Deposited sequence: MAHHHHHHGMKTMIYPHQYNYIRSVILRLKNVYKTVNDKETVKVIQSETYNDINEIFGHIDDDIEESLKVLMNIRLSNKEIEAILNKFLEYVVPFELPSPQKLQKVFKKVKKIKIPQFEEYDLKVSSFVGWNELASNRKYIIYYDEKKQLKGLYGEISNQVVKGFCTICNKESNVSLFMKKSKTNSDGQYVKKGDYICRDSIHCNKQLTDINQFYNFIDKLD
């Protein structure tokens, strides 16, 4: 029985681990490393809740300044076992959240894209739409769509906060109607992988009104 974590928590862990590796490689001052080892150790400690033997050992390995890439890959592979993947809704539910969209169907998904996903977004060309589904803080299924512009620009995604290939996403409020939004990753799978803080996603959702 492994304690359960969210995909974004996994992504955050992957994130701090790679950063730690970089600190081991490129930073000299010993005390800065100690503060960082301890912080990272705490961040992971804080996410999991309780240490089980695998987590204690992974941490022991992470805490070695001689940490290797192969070791990282083993640790990441193990942390993944703790993640509760995004749950795709049934077609009948998907259809009920997009009541006015006749002829809608989720595109095929990799379960392991799903282990890093906080939300699901896919683009439909004829419509110039990106559809997004997610579960809110109450775990209820929600869905929306918006216009995603053709132009790709190199910029920080409003959702994942990473410098990426982004496009302007605009949502029409209930209808004479209003249009709101901002730049987000054109490729939402990649977006989900970079998303380490789900509040940013929910904040993006709130700004769309």
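**Student:** Which segments of the deposited sequence lack C-alpha coordinates in the modelled structure, numbering from residue 1?
**Tutor:** Since the structure holds only modelled residues, the stretches it omits are 1 to 9, 185 to 188.
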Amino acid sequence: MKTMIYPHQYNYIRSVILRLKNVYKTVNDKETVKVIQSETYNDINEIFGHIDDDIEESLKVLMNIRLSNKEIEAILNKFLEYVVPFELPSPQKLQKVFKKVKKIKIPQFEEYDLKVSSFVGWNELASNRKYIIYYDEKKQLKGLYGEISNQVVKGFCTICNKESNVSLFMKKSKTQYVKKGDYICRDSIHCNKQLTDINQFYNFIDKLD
From here on, numbers count along this sequence of modelled residues.
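**Student:** If you average the CA temperature factors as listed in the entry, which stretch comes out higher, 33 to 41 or 142 to 150?
**Tutor:** 33 to 41 has the higher mean C-alpha B-factor.
**Student:** So 194 to 202 or 8 to 16, which one's hotter by mean CA B-factor in the entry?
**Tutor:** Stretch with the greater average CA B-factor: 194 to 202.
**Student:** Comparing recorded Cα B-factors across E81, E71, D136, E110, which one is largest?
**Tutor:** In the PDB entry, the greatest C-alpha B-factor among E81, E71, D136, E110 is found at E110.
**Student:** Of the options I132, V97, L114, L76, which has the highest CA B factor as deposited?
**Tutor:** So the option with the highest C-alpha B-factor is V97.
**Student:** Name the third of the chain's ranked CA B-factors that contains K180, choosing lowest, middle or highest.
**Tutor:** Middle third.
**Student:** Split into thirds by Cα B-factor across the chain's modelled residues, where does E46 land: lowest, middle or highest?
**Tutor:** Within its chain, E46 is a highest-third residue by C-alpha B-factor, going by the deposited values.
**Student:** Considering only modelled residues of the same chain, in which third does the CA B-factor of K174 rank: lowest, middle or highest?
**Tutor:** Highest third.
**Student:** In terms of the CA temperature factor given in the entry, to which third of its chain does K21 belong: lowest, middle or highest?
**Tutor:** It belongs to the middle third of the chain when residues are ordered by C-alpha B-factor.
**Student:** Per the entry's values, where does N123 land by CA temperature factor relative to the rest of its chain, in the lowest, middle or highest third?
**Tutor:** Within its chain, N123 is a middle-third residue by C-alpha B-factor, going by the deposited values.
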